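Notes follow the structure.
These numbers come from the heavy atoms of this one structure, side chains and all, not from hydrogens, waters or symmetry mates. Sequence lines set the chain letters: A, B, ... in the order given, protein chains first and strands last, and positions in each chain run from 1.
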Protein chains: 4
Amino acid sequence: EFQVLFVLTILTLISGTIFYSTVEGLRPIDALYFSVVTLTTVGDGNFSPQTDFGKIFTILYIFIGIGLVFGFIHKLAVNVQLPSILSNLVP
Amino acid sequence: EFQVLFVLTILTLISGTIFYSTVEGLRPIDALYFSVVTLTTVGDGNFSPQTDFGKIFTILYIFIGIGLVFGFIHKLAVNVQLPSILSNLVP
Amino acid sequence: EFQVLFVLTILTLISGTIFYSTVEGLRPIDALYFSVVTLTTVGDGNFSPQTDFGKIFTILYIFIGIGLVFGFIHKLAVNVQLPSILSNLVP
Amino acid sequence: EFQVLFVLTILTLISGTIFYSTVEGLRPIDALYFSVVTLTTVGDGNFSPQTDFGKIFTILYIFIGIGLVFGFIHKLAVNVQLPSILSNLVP
Ligand SMILES: [K+]
Ligand SMILES: [K+]
Ligand SMILES: [K+]
Ligand SMILES: [K+]
Ligand SMILES: [K+]
Ligand SMILES: [K+]
């Protein structure tokens, strides 16, 4: 479950990285950063897509990627972080 | 259920598109982009409504649209994306 | 329930409006806008508190106000918007 | 439960404060502010990490810290704010 969500999240982020570096001309690390803050809904305070293609893609990317990204975060904290802490709270 | 949430989300986004292009003078695609990043809570790092009418509308728009948009995303991932993946995980 | 959450949300937003217009010098409508986009986690793409007092207050404001604001939005969509739609879907 | 989430949230915020003030050169209060708005997903409208180290760290920080921060907010409102209000609604 966690493994599949991990892989799915990775593939989604790879797609955004390729898209923004190609269409919006961002350096790969910047494209990845933008993809991450966008899908986690944090948002970037400096960059907004400048092309209409980038704006349309971002709209679709958000609706399709948000659910998955948060599902991964949800399990990452409940089935991976909680135990390491919950069991670690046992005297 | 998903169909109704889809239509409801579309109508809400259309309202924002019309509002921002008219009152804030944004190009339709920019008004739509702003409506989407606002209701999904991602936020836009460059534009903020400049008119008091735009600020008041955005406040109301956020409170009324956020629940619906996320309800749609919630079902889009649970009743449309999960299956295509869950069933696809069957050897 | 909805009435109490409504009043509680109003009081919280009033506090932010007074704080930002006084300490950060924002026009009341701008202070209210900033309080709303901050507590709904949308964020503002132009303004960030400039004083240390404003930064500390915003940090505390976020942790204390986010839960309430979303609890209100949660009920506003489930116990006020859903019915008007759910019952409206009855032929 | 609430105490542990409180401590865990504090430690996470301390880590971000140290990281951003050291690598991104922010004043401690600004590093803390950025860490808070980033993990609560509000986002900052002015600052984005400028170094590649800062961008990579922020990406990892977001995925690891978001779940915890919201778990704390979740309990802070349900097991600390609700009662003080729920019991306060008793004539
Ligand atoms: K900005
Ligand atoms: K700017
Ligand atoms: K957000
Ligand atoms: K933002
Ligand atoms: K945001
Ligand atoms: K922003």
Side-chain angles (χ1 to χ4, degrees), chain A residues 2-3 5-14 16-17 20-21 24 26-49 58 62 65-91, chain D residues 1-13 15-16 19-20 23-26 30-76 78-79:
Chain A
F2 176 84
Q3 293 182 56
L5 289 176
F6 176 66
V7 171
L8 287 175
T9 295
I10 297 300
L11 293 172
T12 298
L13 292 180
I14 291 178
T17 299
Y20 296 110
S21 51
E24 292 291 327
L26 300 182
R27 292 175 56 232
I29 183 58
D30 285 339
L32 174 63
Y33 180 90
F34 185 70
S35 298
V36 172
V37 300
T38 294
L39 297 186
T40 54
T41 77
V42 173
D44 185 61
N46 287 101
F47 181 80
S48 293
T58 303
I62 286 175
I66 190 286
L68 161 61
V69 168
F70 276 99
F72 169 70
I73 291 175
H74 174 60
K75 300 303 177 180
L76 173 61
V78 180
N79 299 310
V80 178
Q81 191 65 181
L82 182 55
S84 183
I85 299 176
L86 196 58
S87 298
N88 188 49
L89 261 291
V90 178
Chain D
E1 185 184 7
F2 176 84
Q3 293 182 56
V4 180
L5 289 176
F6 176 66
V7 171
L8 287 175
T9 295
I10 297 300
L11 293 172
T12 298
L13 292 180
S15 182
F19 180 83
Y20 296 110
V23 175
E24 292 291 327
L26 300 182
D30 285 339
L32 174 63
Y33 180 90
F34 185 70
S35 298
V36 172
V37 300
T38 294
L39 297 186
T40 54
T41 77
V42 173
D44 185 61
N46 287 101
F47 181 80
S48 293
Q50 317 193 91
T51 70
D52 287 0
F53 188 3
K55 292 165 189 175
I56 297 172
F57 173 93
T58 303
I59 292 168
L60 300 174
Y61 191 52
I62 286 175
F63 277 106
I64 298 172
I66 190 286
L68 161 61
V69 168
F70 276 99
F72 169 70
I73 291 175
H74 174 60
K75 300 303 177 180
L76 173 61
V78 180
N79 299 310

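The closest side-chain heavy-atom distance from D:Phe63 to A:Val36 is below 4.5 Å. Inter-residue side-chain proximity for D:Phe57 and D:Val23 is flagged as unmet; no heavy-atom pair is nearer than 4.5 Å. With contacts defined as side-chain heavy-atom distances shorter than 4.5 Å, the pair A:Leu76/A:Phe6 does not qualify. Between A:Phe34 and A:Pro49 there is a side-chain heavy-atom pair separated by less than 4.5 Å.
Among D:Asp52, D:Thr38, D:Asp44, the residue with the largest count of heavy-atom pairs under 4.5 Å with chain A is D:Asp52. Listed options A:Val78, A:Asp30, A:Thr9 were ranked by heavy-atom pairs under 4.5 angstrom with chain D; first place goes to A:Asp30.
Residue A:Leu89 touches chain D through its side chain alone, counting heavy-atom pairs closer than 4.5 Å. With a 4.5 Å cut-off on non-hydrogen atoms, D:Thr40 does not touch chain A at all. Within the 4.5 angstrom heavy-atom criterion, no atom of D:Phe70 approaches chain A. For A:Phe47, no part lies under 4.5 angstrom from a heavy atom of chain D. D:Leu8 touches chain A through its side chain: at least one heavy atom from C-beta onward sits under 4.5 Å away, while N, CA, C and O do not.
Closest of all the heavy-atom pairs between A:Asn46 and D:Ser48 is OD1-OG, 2.9 Å.
Judged purely by distance below 3.5 Å, without hydrogens or angles, the side chains of D:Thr12 and D:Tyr61 never pair a donor atom with an acceptor atom.
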